[PDB]
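Participant: The structure is given below, and queries will be raised subsequently.
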Amino acid sequence: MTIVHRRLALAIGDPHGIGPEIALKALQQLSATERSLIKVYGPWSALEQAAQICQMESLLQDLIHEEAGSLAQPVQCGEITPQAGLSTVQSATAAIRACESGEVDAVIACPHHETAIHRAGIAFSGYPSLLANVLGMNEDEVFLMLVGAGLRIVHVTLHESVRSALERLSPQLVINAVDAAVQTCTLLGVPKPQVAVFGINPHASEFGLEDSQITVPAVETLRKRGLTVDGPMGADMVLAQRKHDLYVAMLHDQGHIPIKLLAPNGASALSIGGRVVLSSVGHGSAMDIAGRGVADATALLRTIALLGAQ
Amino acid sequence: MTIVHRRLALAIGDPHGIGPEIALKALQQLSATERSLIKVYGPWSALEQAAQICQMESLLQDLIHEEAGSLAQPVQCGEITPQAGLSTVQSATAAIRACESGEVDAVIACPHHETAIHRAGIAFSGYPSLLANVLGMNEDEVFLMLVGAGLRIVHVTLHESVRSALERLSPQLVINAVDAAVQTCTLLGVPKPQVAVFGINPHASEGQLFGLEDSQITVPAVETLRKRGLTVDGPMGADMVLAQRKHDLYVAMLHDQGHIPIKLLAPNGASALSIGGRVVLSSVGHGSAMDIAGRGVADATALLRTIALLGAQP
Ligand SMILES: NC(=O)c1ccc[n+]([C@@H]2O[C@H](COP(=O)([O-])OP(=O)(O)OC[C@H]3O[C@@H](n4cnc5c(N)ncnc54)[C@H](O)[C@@H]3O)[C@@H](O)[C@H]2O)c1
Ligand SMILES: [Cl-]
Ligand code: NA
Ligand SMILES: [Zn+2]
Ligand SMILES: [Zn+2]
């Protein structure tokens, strides 16, 4: 079973965490041809360390690697350090830039440690903010798509009060979300996606003017551009039908609830802006087991299978 | 075995619809003792008609019945008529009043037809509004609880714009919703539930990082409920709490927060309880089915399921 069919960047995350170890364990499971499609971004010293502990030194010769987030001192597994935090952001930044320039088609970031990044004096509020910052766009133009249990749901807004989200919603914002999400769908192996747009208000207002001002004009424009788009519709109703390859959530909770319920441990979070698709694996850096050789690479392999489709 | 363990009122709905027919088919499946706990409200003429079509005349002689929503003309199955609309509201009103007075412990309303009611000149926007109107309370003090697939979710607000819902949210509104929902839980066979309150904003505002609403509304409300001795968690992010699945009752601030989980897990299976004062009123999960009324082919499964839910052992 080949799971990688396109070029991918893998940023190895916090070099003191389990990110290095799971990168190797993942790459080990792949064939030689698959390995050559994955470019690893991170400090060599950490990959060396993990390879020694896990006894996978012979794998290192086959890795395609680019030095990023170099360390000035030896790797200290399990230790939260500002240096490690800087490393994480640099590795991820270099992967993103490689996707931006067309060297790879998508990026996977191994687990970061939020405290490490903060201690380096780096502002970080998630991959959507980082991706925007690196690509030099506004946070408004990078969207989060959750993928889990068959469902794909792009969020037009995220991480702000409901009132604040309502004030920012516009037809253009919804259109930009869908364009970004449709291009990502192509990458996930769905060329002609059937799109469903959630209503802002219950039953898509059939209960306020917001949908007539926002979601209705947006769907009209998308359809004129030749997209197959239904809605606005009541979130609850459309989801239940299970007739669509992509759903467009207006609000955080509309999109987050379905995914956490159906896919408690199988959900991917894709950050999407410009040409770039960045997934995390859905777990932390596990400092209590780092350097002890007990980390499993299942979540990383799942992320690779999803982004590596075709 | 027994699915009915307390007294219920059954309002038979639009008498031209399938409501009469499914009431009989349901009662047929129950034992004699169970049948004697269900008091049927509606026009006798419609039950007679349905009994003839379904060949259940001998069942009618056992039925506990109160005349409500009498008709002035023969039943015309399948036909939308104002008279039928008036009938529906009268039957349902009489069942509600029987629950209000303590004659029954809960109410089931069989399917109505919205057009019929409107043509009778009667304002109707759902059972929450009717229940409020009959009990003489405001629509703000009657709440909708969805039940399906182990989930129970009461909605603090319901069928209104998000903006409108946000403007009405207050600590007291949240408290009233929970009180109503807790008393209903007792009736559903879970006394003293473990309650989870959803946040208004994502992540329950994460303190105050994503708006002040939760600090002003859900936090003081939970504090008050806990001081009164209730086991209540939150506010928490809706998505997060639901995923845990370790609470008997959830409190949704907004329509979609509560409706999405239920339709996902229980695509058909979900009951909608209107709760006001001491009265709990469920619908059956379907319409009056005018196209098949009076042909004897309607399924009673949804009614039986509603009876099992409201009829549960204390
Ligand atoms: N309560 C109401 O508001 C109500 C009732 C009847 C009709 N209507 C009007 O007609 C539309 C559709 O309503 P509907 O009556 O078709 O119901 P529905 O949408 O709830 O159910 C779909 C169809 O399934 C069948 N069905 C439903 N319950 C059944 C049962 N117990 N046994 C066998 N078959 C059953 C009927 O043919 C029904 O038409 C509504 O959108 C409305 O405009 C409304
Ligand atoms: Cl490559
Ligand atoms: Na911190
Ligand atoms: Zn979130
Ligand atoms: Zn509804």
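In the structure tokens, chains take the letters A, B, ... in the order shown, each chain's residues start at 1, and ligands count up from 1 in the order shown.
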Run DSSP on the backbone and tell me which residues of stretch 183-213 of chain B come out as strand (DSSP E); list them as a list in words.
Facilitator: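 Here is the list: residues 195, 196, 197 and 198 of chain B.
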Participant: Go ahead and save the residues from that selection, with N, CA and C atoms, as a short mmCIF file (atom, residue, chain, number, x, y, z; two decimals), in the first residue's frame.
Facilitator:
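Wrote result-v2.cif, looks like this:
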data_model
loop_
_atom_site.label_atom_id
_atom_site.label_comp_id
_atom_site.auth_asym_id
_atom_site.auth_seq_id
_atom_site.Cartn_x
_atom_site.Cartn_y
_atom_site.Cartn_z
N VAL B 195 -24.92 17.86 34.91
CA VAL B 195 -25.29 18.85 33.91
C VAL B 195 -24.03 19.51 33.37
N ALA B 196 -24.01 19.79 32.06
CA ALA B 196 -22.93 20.56 31.46
C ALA B 196 -23.49 21.78 30.73
N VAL B 197 -22.96 22.97 31.03
CA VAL B 197 -23.40 24.21 30.42
C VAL B 197 -22.44 24.60 29.30
N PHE B 198 -22.96 24.74 28.07
CA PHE B 198 -22.14 25.20 26.96
C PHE B 198 -21.78 26.67 27.15
#
Participant: Please identify all polymer residues within 12 Å of residue A:31, counting only C-alpha atoms, omitting same-chain residues fewer than 3 positions from it, and present them as a list in words.
Facilitator: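 Counting only the stated atoms, we get residues 1, 2, 3, 4, 5, 26, 27, 28, 34, 35, 36, 37, 38, 59, 62 and 63 of chain A.
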Participant: Taking only C-alpha atoms and all ligand atoms into account, list the residues no farther than 10 Å from ligand 5, as a VMD selection string.
Facilitator: (chain A and resid 202 to 203 234 236 to 237) or (chain B and resid 126 144 146 158 to 160 255 to 256 258 to 259 272)
Participant: Could you state the separation of atom CA of residue B:193 and atom CA of residue A:262 in Å, given to one decimal place?
Facilitator: 24.3 Å
Participant: As an MDAnalysis selection string, could you give me every residue of chain B near chain A (at most 12 Å apart, counting only C-alpha atoms)?
Facilitator: chainID B and resid 151 157:167 198:214 236:245 252:268
Participant: Near stretch 41-48 of chain B, counting only C-alpha atoms, which residues have an atom at most 6 Å away, once you skip same-chain residues fewer than 4 positions from it, shown as a list in words?
Facilitator: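 Counting only the stated atoms, we get residues 10, 11, 12, 15, 20, 66, 67, 68, 69, 70 and 91 of chain B.
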Participant: Find the residue from B:72, B:177, B:190, B:109 that sits nearest to ligand 1; use only C-alpha atoms and all ligand atoms when measuring.
Facilitator: B:109
Participant: As a list in words, please: the residues near stretch 101-103 of chain A (cut-off 10 Å, only C-alpha atoms, same-chain neighbours under 4 positions excluded).
Facilitator: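 Within the cut-off, the hits are residues 7, 8, 9, 39, 95, 96, 97, 275 and 276 of chain A.
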Participant: Once you count only C-alpha atoms and all ligand atoms, which residues end up within 6 Å of ligand 1, and could you hand them over as a PyMOL selection string?
Facilitator: chain B and resi 111-114+286-291+298-300
Participant: Fewer than 4 positions away in the same chain doesn't count, so skip those; otherwise give me all residues within 10 Å of residue B:305, counting only C-alpha atoms, as a PyMOL selection string.
Facilitator: chain B and resi 3+26+269-271+284-285+300-301+309-311
Participant: Would you list the contacts of residue A:47 as a list in words, taking every protein, DNA or RNA residue within 8 Å and counting only C-alpha atoms, but skipping same-chain residues closer than 6 positions in sequence?
Facilitator: residues 20, 21, 24 and 60 of chain A
Participant: Please dump the current selection as a JSON list (two decimals), in the first residue's frame; keep C-alpha atoms.
Facilitator:
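Listed below is the output, part.json:
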[["chain", "number", "residue", "atom", "x", "y", "z"],
["A", 20, "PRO", "CA", 11.89, 13.70, 15.59],
["A", 21, "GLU", "CA", 11.20, 10.14, 16.79],
["A", 24, "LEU", "CA", 11.68, 8.57, 11.62],
["A", 60, "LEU", "CA", 19.30, 8.62, 7.95]]
